[PDB]
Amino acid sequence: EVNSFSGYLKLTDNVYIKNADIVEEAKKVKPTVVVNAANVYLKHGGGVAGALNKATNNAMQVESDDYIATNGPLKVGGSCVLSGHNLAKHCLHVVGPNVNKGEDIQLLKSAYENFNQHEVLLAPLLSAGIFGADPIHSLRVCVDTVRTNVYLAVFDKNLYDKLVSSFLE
């Protein structure tokens, strides 16, 4: 059955979190929407994007290339809805700003605003890691911007603990 989220911790009335691998979650949860932490060219070469793409047996990359052929690059802060392949009904590819290449961190709000087009989502934090935002800040922008139901997966235990303790204690 769809949207079978298990073992999440409520942070706010619409934001939940779990220490988990987003690919394993997608396969068990069968979400309506899984969010990808994308770049503007939808080149799924590492991180969450690479893991999602590999789990789709590269079908996500083939589809993404066809989308770029029609669209050109996405905007920073923008998104597109593509197939969820074997992971979800839909994949919402969202581009957060990459502060390490001089992009504007305020566009993280625009990135998360895209989640409001979907009633429930399985998602990673956006713009952290190689994109240079602080995960604590990214969680805050999510909490302040998303009003639909978001189930966040955080792979790293120490980071998960930092996010939860700082948020709730």
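All residue numbers refer to positions in the sequence shown, first residue = 1.
As recorded in the PDB entry, 155-163 is the stretch of 16-24 and 155-163 with the greater mean C-alpha temperature factor.
Between 109-117 and 26-34, it is 26-34 that carries the larger average Cα temperature factor according to the deposited entry. Looking only at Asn53, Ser64, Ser138, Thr70, the residue with the top Cα B factor in the deposited structure is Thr70. The entry lists a Cα temperature factor for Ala123 that places it in the lowest third of the chain's modelled residues.
The entry lists a Cα temperature factor for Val94 that places it in the lowest third of the chain's modelled residues.
Among all modelled residues in its chain, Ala133 ranks in the highest third by Cα B-factor. Split the chain's modelled residues into thirds by C-alpha temperature factor. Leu87 is in the highest one. Per the deposited record, the Cα B-factor of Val150 falls in the lowest third when ranked against the other modelled residues of its chain.
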